[PDB]
There are 2 protein chains.
Amino acid sequence: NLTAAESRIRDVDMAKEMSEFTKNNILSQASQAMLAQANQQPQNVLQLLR
Amino acid sequence: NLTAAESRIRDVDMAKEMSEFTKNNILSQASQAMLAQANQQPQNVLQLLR
């Protein structure tokens with residue numbers, strides 16, 4: 001019962017944490033794509049206002 | 001009568017004790033099979049959450 005109690009403290013919902021892991025990968029990658037786009041827009045500006 | 005009295009103290013119901021012996025074998029083996037299964041489930045988890 002005591003190791004179970006500990007296990008509740010250290011309970012990893014491994015499915016949750018893999019899922020959340022997945023999500024955070026997705027979110028990182030998406031945000032970086034948008035950072036690229038943030039660097040693309042002012043180049044378009046550069047040409048258009050040259 | 002006295003050796004019979006002793007025999008009552010040391011009375012082995014040999015049929016009972018063979019029967020109970022049998023049962024406890026069965027129960028040990030069953031429990032170990034379940035311990036194997038307890039080790040099988042988290043492997044299924046490992047694959048499924050890989």
# chains A, B, ... in the order shown; residues from 1 in each chain; ligands from 1
>>> closest_atom_pairs(of="chain B", to="chain A", cutoff="12 Å", atoms="only C-alpha atoms", output="Markdown table")
| residue | atom | partner | partner_atom | distance |
| --- | --- | --- | --- | --- |
| B:42 | CA | A:14 | CA | 10.7 |
| B:45 | CA | A:15 | CA | 8.7 |
| B:46 | CA | A:14 | CA | 9.1 |
| B:47 | CA | A:15 | CA | 11.2 |
| B:48 | CA | A:15 | CA | 8.8 |
| B:49 | CA | A:15 | CA | 6.1 |
| B:50 | CA | A:18 | CA | 8.0 |
>>> atom_distance(atom1="atom CA of residue 11 of chain A", atom2="atom CA of residue 39 of chain B")
17.6 Å
